[PDB]
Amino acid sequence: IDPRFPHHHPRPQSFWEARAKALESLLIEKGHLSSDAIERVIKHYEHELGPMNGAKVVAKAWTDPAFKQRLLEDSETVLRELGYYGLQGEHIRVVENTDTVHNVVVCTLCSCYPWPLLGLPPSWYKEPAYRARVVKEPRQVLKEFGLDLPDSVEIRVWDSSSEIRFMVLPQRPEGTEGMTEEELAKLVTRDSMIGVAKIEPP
């Protein structure tokens, strides 16, 4: 490495792996962490949480008009009542898609996403392309997801710049007559709760 240009040379991902193990080792040796504390976190975020929680909320809103009304008027109270609350989900707001208003959520500055309700964010949600572009050319971004909105539909992009979090409530599609709440929940995609997709008829 030419010392004029150290900034041209990224750390290899092997460095980050080694650094992670070094942090783990030192913190356990010094009594700050334990094997089971680390594993508890991994179990929670990889397996216990997920978008099925949001899907249940969406299906309940579609099937219970009183619940939907309550959810939209005070989502924080309602979501906490259901138990969808915790770290990075202390203050969750629900934004309703309508025929002429489409909502899309982003964290331009990093990756903020309501883990207790939706689980972990999509790969692309955390990366620069989506984050940079969705606030300026949301129609172009949505087209890359296969969502081509008419010029007459208004788009509202919600940038998660505080600890307030946002979930999109997508509209119930056609062809769902006679479906149960359970069956409807199965139709609710992760992507529809971020705003990058509508829900297809079954």
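From 1 onward, residues are counted along the sequence shown.
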{"item": "Mean temperature factor over C-alpha atoms, higher-scoring stretch between 144-152 and 131-139", "value": "144-152"}
{"item": "Greater mean Cα temperature factor according to the PDB record, 60-68 or 158-166", "value": "60-68"}
{"item": "Highest-ranked of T108, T100, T77, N103 once sorted by CA temperature factor in the record", "value": "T77"}
{"item": "CA B-factor placement of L82, once the chain's modelled residues are sorted into thirds", "value": "highest"}
{"item": "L23 - Cα temperature factor, lowest/middle/highest third of chain", "value": "middle"}
{"item": "Chain-wide C-alpha B factor ranking for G195, given as lowest, middle or highest third", "value": "lowest"}
